[PDB]
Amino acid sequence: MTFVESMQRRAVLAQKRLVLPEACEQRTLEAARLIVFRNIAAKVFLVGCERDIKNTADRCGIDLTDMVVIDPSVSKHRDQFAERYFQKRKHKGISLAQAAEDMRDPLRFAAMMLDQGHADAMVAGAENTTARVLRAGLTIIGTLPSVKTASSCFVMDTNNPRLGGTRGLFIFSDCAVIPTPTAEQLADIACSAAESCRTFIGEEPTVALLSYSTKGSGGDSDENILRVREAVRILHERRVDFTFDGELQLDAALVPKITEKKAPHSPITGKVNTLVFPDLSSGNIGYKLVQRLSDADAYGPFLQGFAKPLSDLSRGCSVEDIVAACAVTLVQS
């Protein structure tokens, strides 16, 4: 199958709970109906003002009978959610009443459903800004204990077995979120990209931390080189369970003859399927170069490192983009 087909079938198998806070938006509700029709989720929670949602559904001819509308103003969890948000945020000086008002927002309320164990996967961003989506994620859901940084990746399908990797499948990370990762964040990015490789490609991760330098060739003074080198040291210190090396140029990562000249006895030779970029320009430009100048497909961006999975959509997304993002996030949980 294709990647999208495989992710949808795996979501059907996983039978997890989806929450959608942009439930007054037509595309979101159409996606929710397709999710129900395809059995992509065990439960579909629509979060928002009940009569605004029902009104949108009425006008778009959408049956909600297998969906659960949760209204943050009326929910039985309202008081507990306001209290949990206050405890989370009181260190920034907000009041309990400000917390209660903030938790009437569908985006915050859906994120708190994940934090509190009432749903498994959240998708938003067809109508909210990326900044708002990531902020709800960072401040309500938080990160896994193994990282301090939330990041993102793309799944790159070169549609060419022979191009190395895992039958031409790669994880590229972080090509969308963190502008200039510190050495510690870069190590976090590598750890989360390793998890993404296991979830999305289904093979063991072999990770190359990339640079214009290979194992010293660029010198010892450029902070950008040292940042990547320090990340590699940090990964050794952390005793991670995946194979990794850096700093490596792309050709040293992917062409064994070159690895043998520039990085001898490197443990990644001939096996790399996960590329960690040194900064956001290199990764954002890089994945687009592969997408737009070759027959490769790029899937994502997929968020990683969050304690519970969420996705941020483009504001111009299609219904099927929403469905695809929901399936991937459900498979991540």
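Each residue number is its position in the shown sequence, starting from 1.
Between 173-181 and 234-242, the higher mean Cα B-factor belongs to 234-242. Judged by mean Cα B factor in the deposited record, 53-61 ranks above the other of 277-285 and 53-61. Considering 194, 163, 156, 248 together, the PDB entry gives 163 the largest C-alpha B factor. Of all the options 108, 84, 257, 91, the entry's greatest CA B-factor is assigned to 257. Per-chain ranking of the deposited C-alpha B factor places residue 79 in the highest third. Compared with the other modelled residues of the chain, the Cα B-factor recorded for residue 222 ranks in the highest third. Sorting the modelled residues of the chain by their CA temperature factor places residue 309 in the middle third. Compared with the other modelled residues of the chain, the Cα B-factor recorded for residue 112 ranks in the lowest third. Placement of the Cα temperature factor of residue 48 within the chain: middle third of the modelled residues, per the deposited record.
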